[PDB]
Ligand code: HEM
Ligand code: HEM
Ligand SMILES: NNC(=O)c1ccncc1
Ligand SMILES: NNC(=O)c1ccncc1
Ligand SMILES: [Cl-]
Ligand SMILES: [Cl-]
Ligand code: NA
Ligand code: NA
């Protein structure tokens, strides 16, 4: 059956904005996962999970009698899809149970691990999500095997369909670099936003870069990919050595014995895959990665044996029974237990990427420290594991249940608690009047609040106006934020703030974070008034101001907008067309297509463009909130053509006279081109739509202003 | 960007069940189109449209100074995608303005026609849909040129995204038959559910079958395709001759002058396409089909000159300036006006498919009658035009506005007016008790009501339990309806009805259509009781009983279920997997994936399977409403394998012992295989879900029972 995607493969795809509708969700519209989880007996779940660890099922027998290693890998993979570039991936949506992740080569036999968990899921039902359960199971596996974890938070609501996530353009699983859809260019530069070296891997190739078993070169790919997943050198060494303290790999026979991945398997396989024709196809005979490495002398107990082995032997390159490159310890005795046969033992073995931890000079120093100081290793691993598994959960207000760590961590972008009375409706009116009397313009107020609030992305729930981090490094210096204009607005607002706070009694004060947002609302109210509409914009106080020292400048760098179609901004020239980047941004902001449409048309006429560009400013009454953008965009009296100078900029000329009327960008004109977008523009460009436009614009403005307000949830 | 669709191109696609979410709709949740339309000044819209007919725009100059012909083609194409096999296509959702239809070859330059309508759309806004406006514009064109139409109904609400519609498997536009994805097999048998001869055509090729200019052969394709669009010979001749009384075709130069269709054009084209490099690219120079035919001496006035020409000349095969086969009148005077030059005239011309109306024997007799009696021609065309343009609108209760024809037409599947008091809640409870006391079983009651209600399809809003047509030919003898069991149930219900109606005073009575639905509700309530749960199933009275004489038996044939996964029924062996046919049925029933999942699991345990098959009956308490289907489906203690006898039937055996527990079909086991469906099954198979299951089942049951109840809208 030929589809629109087949006919017009490069056309813009809006269906990513209409994922996660109430249609696909089996839970009622009023279902609140947090409330369900708060009533969960978490301690009872943990007991059940502890019992599961050593209750082997014959259809996938437990290595060494203990599933712990398998479940730690499961949880690590759930979390390890995360990318700092867009915040997409991670454990926070339980997407491991959907395509494509349920069927990635690197997730082979984690279908078994998830199926082991079904009885527990079934028992507790809606009170624990799959997303929470995968991580909790990893925690309990660690605990069972003698490692005390740093904490756990619930609150990852299940999702009910696959995410639309760009994982790369290769058409072959595991394709090596330099092919027709290569994710590498230049001096092994990995394309943004990707964080894995090959399609279907979590981070790197365990044999080495493109399969070449050079631990030094592997270490470069590790560093790069783990950095792109928010981990530094210390964290990376702690995690890899920590993980590989447990369990084993599986490569008992050739990989050609392994059949279809879950999404390709027969209906009778009931959601499982990689069925193996090698011997019993499981347990002693299992084939997962194709490697056959067991790292420690006690694979089901926390130990200090990973680094004893790493440093205590010299390593010889060898092959697994499936033909994969791996390393074996020169001259060693057979001291590593077999997973199934008590009369067999093995020599110590390592992956190429384990050897990275010794033969990369920077990792070597960390590895030695952790070798000599195992309590530092233990602490670093506990902290990194918590971080890995909670990275995408958002503000601490979202963390549920009785094991949430009290320690506030820098990577959480923390926001101070509010310790004083908030401003009320009268105070808000008074502050808005002051803001409008200062001389700040509609354009300045709307631009500044948009800049502050629109850093939020729902993928990892980072960013937003809470914290007033727009006044700090690096946000205050971002080109899109118009640093010089921004400094002047913040100075005026700081003065208004100081004078209001000065005049209060009791504890009462207003944060700059709130006043930024409030002042934007005032700008919108004023724009509406300029257009003859009497409008109040909703405002919710309670934001607090974070310090510079509470704001990791390096980690904040990934939130910088290099494309923001809502401000007609593009920082450079990219391969992806700007209207694809607009829809991507709308998705991160949680906007539907109608919300995207209304927001953009409003912001254009309010003066939110970077540099006060005229592109898409299709009105003769700028800073008045009207539907002019739509009425003028859709006017057939104007003809559009790309410019000689720049084929990404378009001139709109009167059809009859040739006179230039407007200019616009791809982002502006797509609303008059794309057949679904133009249908939405038509609604808002109709003669009956002025009040609808205004009211819908106010609603989406407010929604953006509140995106990070999990304190009000 | 590689997607799930690319990795697993044969997996089941559920997103068709989640179109038309509130997310993609720009209108508020309370928007009621009917209410907006009922306040439209229709007469003022018509005056505006009348003026538009003769107000030429220089970007697409009007042929002969009148756009009427263009708009009649536009409306005919809006309606002419319709297929009786599934009720998909037609004008009723305004889908011409979205992909792929906005860009089909046969819809070339109707982008111009829709753009001409923007000013009027913009003026009246939400009070007239695009879907209504396309048809109304066709009507006003006809009216303006002297043709009295039969009527017009409003009520087609706009839609906001493209439908998912199978239009064929060819990967090349207009591909001639016999390709690798040929829609023809055997002796030119067109595959169901298609109703056109080539990909991107409305019905047939105007040059002749696969381009071969033989009017006799062409007539075979005309008859076939028009029959698949619900039109008999008389209707077909009336429509084609009627339409081709007006306007002209466009083929002024070679077709290689024509550029990209709208979905492939540059952003600057602002939603238009087929930009032509031939001379001015428009007006006298236009290229649309590549044919250059003008049928009558008065293309802007209703006449009987199509038939005067068709019969009054002999016809010679010739070529247009674009190279297309067409016909010219031998030895004729130049009597046909030119569209732009008043000093030029032309000989009469015809399409191959116009000559079909003379050289097919059966068409010839109709065409002669219409030639000799143009008043019969006018009436037949008006009736056929109404039918064409309203075929997919559903029950007459949906028809809005002041021009709805009073005459009731057989093709409308009419339902008699109710002229008496309805039963109340006490009466309903009394009837449910009587039904349960008769000895009719849960299985019988549920199966009968399902059979009655589940003929509804939202594609053309035909079918449903209103009418009690299940008691008439042909429904009463459809194999899926279990004719012998059905007859016994209907007899018992008719006796209950007669006794209830006999005992009433004051005109109150219950229709059999209502009692069938009510009896099913009693079944579901009793099943719940059997499971230990007291529930009330909602029930709305007001259905009426249609007669055999009010039921077109041939037209009812397309509503026969040949696949109904909800009753585990497949009438034969098909190329399309049964789970794909399930999802197709769910879509026609307007179900989401969760609704589909709940409905199916309940029906299996209530005994709704045709022939009392045990397939998928995963319970030991049949005729109790429980979630046993899900709990048992998802039990990892059961292993599934296809049978030796039949690869589409599966045995579930205990994993440990090999004991046979269950059997199932692909439709049953897909819920344990497909990763999105299994996630939904999990929810309903959890230990906290019995009350949720019952409540959601009751809700979707009620929704199905009410699908055709536009009398309650
Ligand atoms: C350079 C990064 C890494 C590479 C290349 C890597 C590679 C692998 C491979 C190939 C396997 C064998 C899969 C199989 O055949 O069953 C494995 C197993 C495992 N990895 Fe890693 N890993 C990495 C990082 C991590 C991290 C960060 C953790 C956890 C903190 C972790 C924990 C595990 C565990 C527990 C197992 C054993 C699974 C079992 O016992 O069944 N790994 N790893
Ligand atoms: C066998 C069925 C039919 C065939 C093959 C057919 C074919 C065509 C073609 C090839 C054109 C020229 C397109 C262009 O170059 O602009 C055309 C024009 C037209 N057709 Fe048909 N047609 C059919 C049925 C109908 C029906 C059922 C109607 C209306 C009741 C209709 C009304 C028209 C009108 C009004 C035009 C003139 C468009 C203009 O003036 O711009 N046709 N037809
Ligand atoms: N790919 N997933 C996202 O981009 C996303 C998910 C949830 N809220 C916002 C964005
Ligand atoms: N293609 N679209 C349909 O089949 C349909 C549309 C609306 N309700 C039910 C079915
Ligand atoms: Cl994601
Ligand atoms: Cl459709
Ligand atoms: Na994420
Ligand atoms: Na339809």
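Each value in this text was obtained by applying a stated rule to the coordinates, not by laboratory testing. Neighbour counts are summed over all protein chains in view; Cβ atoms, including those assigned to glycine, are modelled from backbone coordinates with ideal geometry.
Just to confirm my numbers, what's the Cα centroid distance between the range A:1-25 and the range B:247-326 in Å?
So the separation of the two Cα centres works out to 34 Å.
Can you work out the FRET efficiency for the pair residue A:613 and residue A:576, with r the C-beta to C-beta distance and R0 = 25 Å, to the nearest 0.05?
Approximately 0.75, to the nearest 0.05.
Sort the range A:389-527 into rounded, prolate or oblate with this rule: let a ≥ b ≥ c be the square roots of the eigenvalues of the Cα gyration tensor; rounded if a/c is under 1.5, and if a/c is not under 1.5, prolate when a/b is larger than b/c, oblate otherwise.
oblate
Quick one: compute the contact order of the range B:250-388, relative version, from alpha carbon pairs under 8 angstrom and 6+ residues apart, as a percent.
19 percent
Is chain B best put as rounded, prolate or oblate by its Cα gyration tensor, with a ≥ b ≥ c the root eigenvalues, rounded for a/c under 1.5, and otherwise prolate when a/b is larger than b/c, oblate when not?
It comes out prolate by the Cα gyration axes.
State the residue of chain B whose Cβ is nearest the axis carrying B onto A, and the distance in whole angstrom.
Of all Cβ atoms in B, the one closest to the rotation axis yields B:21, 2.
Please compute the length gained on full extension between residue A:687 and residue A:319, using 0.36 nm multiplied by the number of residues separating them and subtracting their Cα-Cα distance.
Difference between extended and current length: 125.1 nm.
Running Debye on the range B:94-172 with equal point scatterers at the Cα sites and no solvent, what base-10 log of I(q)/I(0) appears at q = 0.15, 0.18, 0.21 Å⁻¹?
With one equal scatterer per Cα and no solvent, log10 I(q)/I(0) is -0.64, -0.87, -1.09.
Normalised by the residues of chain B, what does the relative contact order come to in percent, with Cα pairs under 8 Å and at least six apart?
12 percent
So what is the orientation-averaged projected area of the protein assembly as shown, using the convex hull of its C-alpha atoms, in nm²?
The orientation-averaged projected area of the Cα hull of the protein assembly as shown comes to 56.9 nm².
With r defined as the distance between the Cβ atoms of residue A:562 and residue A:13 and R0 fixed at 22 Å, what FRET efficiency is calculated, to the nearest 0.05?
Rounded to the nearest 0.05, the efficiency is 0.60.
Between residue A:620 and residue A:212, how many nm apart are label points set 7 Å from Cα along the C-beta direction?
Those two pseudo-labels are separated by 6.6 nm.
Tell me the distances, shortest first, between residue B:365 and the same position across the other copies, using label points 7 Å along Cα→Cβ, in nm to one decimal.
From this label point to the equivalent ones elsewhere in the assembly: 10.0 nm.
Please give the helix A:512-530 orientation as an angle from the longest Cα principal axis of chain A, in degrees from 0 to 90, rounded to the nearest 10.
40 degrees
Rounding to the nearest 10 and keeping the result within 0 to 90°, find how far the Cα-based axis of helix A:130-144 lies from the longest principal axis of chain A.
Here the helix axis deviates by roughly 40 degrees.
As an exercise, find the ratio Rg/Rh for the range B:286-421 from alpha-carbon atoms, using the Kirkwood inverse-distance average for Rh.
Using only Cα positions, Rg/Rh for the range B:286-421 is 1.11.
Where the label is 7 Å out from Cα toward Cβ, how close does residue A:530 come to the same position in every other copy, in nm, shortest first?
With the label placed 7 Å along Cα→Cβ, residue A:530 yields 6.9 nm.
What is the range A:1-96 by shape, rounded, prolate or oblate, if you read a ≥ b ≥ c off the alpha carbon gyration tensor as root eigenvalues and call it rounded for a/c under 1.5, prolate for a/b larger than b/c, and oblate otherwise?
The shape class here is prolate.
Counting other C-beta atoms within 10 Å, which of A:700, A:553 has the fewest, and how do the rest follow?
Final ranking by Cβ density, sparse to dense: A:553, A:700.
With the label 7 angstrom out along Cα to Cβ, how close does residue B:38 come to the same site in each of the other copies, in nm, nearest first?
Computed spacing set for this position: 4.4 nm.
Compute the helix-to-body angle for A:215-227: its Cα long axis versus the longest principal axis of chain A, expressed 0 to 90° and rounded to tens.
On a 0 to 90 degree scale, this one is about 40.
Can you tell me, using C-alpha contacts under 8 Å and at least 6 residues apart, the relative contact order of the range B:565-688 as a whole percent?
It comes to 25 percent, rounded to a whole number.
Evaluate the distance, in nm, between pseudo-label points positioned 7 Å from the Cα of residue B:420 and of residue A:643 along their respective Cα→Cβ axes.
Rounded to a tenth, the inter-label distance reads 7.7 nm.
Quickly work out the residue A:176-to-residue B:479 label distance, labels modelled 7 Å from Cα along the C-beta direction, and quote it in nm with one decimal.
Here the answer is 5.6 nm between the modelled labels.
In whole Å, what are the extents of the range A:48-96 along the principal axes defined by its C-alpha atoms, from largest to smallest?
Between the extreme Cα coordinates on each principal axis of the range A:48-96 lie 41, 19, 16 Å.
Equivalent-ellipsoid semi-axes (√(5λ), Cα gyration tensor) for the range A:168-372, whole Å, largest first?
27, 26, 14
Enter the Cα centre distance for the pair the range B:649-689 and the range A:658-704, rounded to the nearest angstrom.
48 Å
Going by Cα centres, the range B:184-218 and the range A:480-496 are how many Å apart?
Each part's Cα centre sits 68 Å from the other's.
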